[PDB]
J.: 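Attaching a single structure in structure tokens format; questions to follow.
Values below: every heavy atom of this structure, side chains too, minus hydrogens, waters and symmetry copies. For this chain, numbers begin at 1 and follow the sequence in order.
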Amino acid sequence: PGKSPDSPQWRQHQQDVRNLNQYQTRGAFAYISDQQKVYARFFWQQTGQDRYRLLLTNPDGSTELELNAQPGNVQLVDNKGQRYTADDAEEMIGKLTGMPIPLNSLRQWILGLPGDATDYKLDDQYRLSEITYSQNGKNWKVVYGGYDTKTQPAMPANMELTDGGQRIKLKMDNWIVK
């Protein structure tokens, strides 16, 4: 079934998450595709609508990918050590790895927020459960597994995006929000 989006509950959850200033999660990443299949331990952290830090490390614990972002500026480090700093991150990302990801929408979806999507669903607990988003050509389909209910508000703990041609998995061990 799942509860309806038009409700004080679903609206409060959004307020609860939007009312946060700092986020911090870590888990297992997994980028499937025809061209490649990367795996990594990821560390996500956001301190504002712009001031987040993403980090992917190899199995031996080496920097597979590092992305720092402040308002206006955006740095990116590869598995080698080449900083390709510039402006746009959602582009600067895919371009520099062949992973055409909707980073901007994603930093909203990873928090249980739907962003612009208007085609989504909730679960029995008025929590984001699914999304069907059409981004400039690409048609993603975000699915949410169990939630981390040990935080207030509760944050996502298992996500699975799919663009037909690509596929991203994420499983969060825990969260720290403020």
J.: Please set out all donor-acceptor pairs under 3.5 angstrom arising from side-chain atoms of residues 10-17, sequence neighbours excluded.
T.:
residue, atom, partner, partner atom, Å
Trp10, NE1, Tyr120, OH, 3.4
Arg11, NH1, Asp6, OD1, 3.3
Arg11, NH1, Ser7, O, 3.3
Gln12, NE2, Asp16, OD1, 3.2
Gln14, OE1, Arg18, NH2, 2.9
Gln14, NE2, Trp10, O, 3.2

J.: Decide yes or no for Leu122 and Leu128: does some side-chain heavy atom of the first lie under 4.5 Å from some side-chain heavy atom of the second?
T.: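 With C-beta onward as the side chain, the pair touches.
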J.: Using side-chain heavy atoms (C-beta onward) and a distance below 4.5 Å, is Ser105 in contact with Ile131?
T.: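 No - every pair of side-chain heavy atoms lies 4.5 Å or more apart.
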J.: With a 4.5 Å heavy-atom cut-off, do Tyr133 and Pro114 have their side chains touching?
T.: no
J.: If we only count heavy atoms from C-beta on, is the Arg167 to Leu161 side-chain gap below 4.5 Å?
T.: no
J.: So does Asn104 get a backbone contact from the side chain of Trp109, meaning a donor-acceptor N/O pair under 3.5 Å?
T.: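 Not confirmed, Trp109 side chain does not pair with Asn104 backbone.
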J.: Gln70 versus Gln75: any side-chain heavy-atom pair under 4.5 Å?
T.: yes
J.: Enumerate the residue pairs fulfilling side chain to side chain donor-acceptor pair (under 3.5 Å) with a member in residues 25-36, sequence neighbours excluded, ordered by first and then second residue.
T.: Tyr31-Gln166
J.: Using 0.5 Å steps for rounding, measure from the OG atom of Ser4 to the CD atom of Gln9.
T.: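 Spacing of OG (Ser4) from CD (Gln9) equals 9.5 Å.
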J.: With sequence neighbours left out, which residue pairs that include part of residues 40-72 fulfil the ring pair (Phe, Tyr, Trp, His ring centres under 6.0 Å) condition?
T.: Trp44-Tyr52
J.: Test side-chain contact (heavy atoms from CB on, under 4.5 Å) on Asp88 and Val74 and set out the steps.
T.: CA-CA 7 Å; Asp88 184 298; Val74 175; over 6 Å; no
J.: Kindly indicate, with the supporting measurements, whether the criterion side-chain contact (heavy atoms from CB on, under 4.5 Å) is fulfilled by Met159 and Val142.
T.: CA-CA 7 Å; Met159 285 182 72; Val142 191; 3.6 Å; yes
J.: When rounded to the nearest 0.5 angstrom, what is the spacing between OG1 in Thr47 and CG in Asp50?
T.: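 The distance works out to 11.5 Å.
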J.: Determine whether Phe29 and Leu170 make a side-chain contact, defined as any pair of heavy atoms from C-beta on separated by less than 4.5 Å.
T.: yes
J.: Residues in side chain to side chain donor-acceptor pair (under 3.5 Å) with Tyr147, at least two apart?
T.: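 Listed in chain order: nothing, the list is empty.
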J.: Side chains of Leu76 and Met92: does their closest heavy-atom pair fall under 4.5 Å?
T.: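 The answer is yes; the side chains approach within 4.5 Å.
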J.: With sequence neighbours excluded, tell me which residues meet side chain to side chain donor-acceptor pair (under 3.5 Å) with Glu130.
T.: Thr132
J.: Going by salt bridge (charged side-chain N to carboxylate O under 4.0 Å, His left out), name the residues that satisfy it together with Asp173, two or more places apart in sequence or in a different chain.
T.: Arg41
J.: Just so I know, are the side chains of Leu55 and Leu65 near enough to count as touching, which here means a heavy-atom distance under 4.5 Å?
T.: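 No, side chains not in contact.
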J.: Kindly say whether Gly81 contributes a backbone atom to a donor-acceptor pair with the side chain of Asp78 at under 3.5 angstrom?
T.: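 Checked: pair present.
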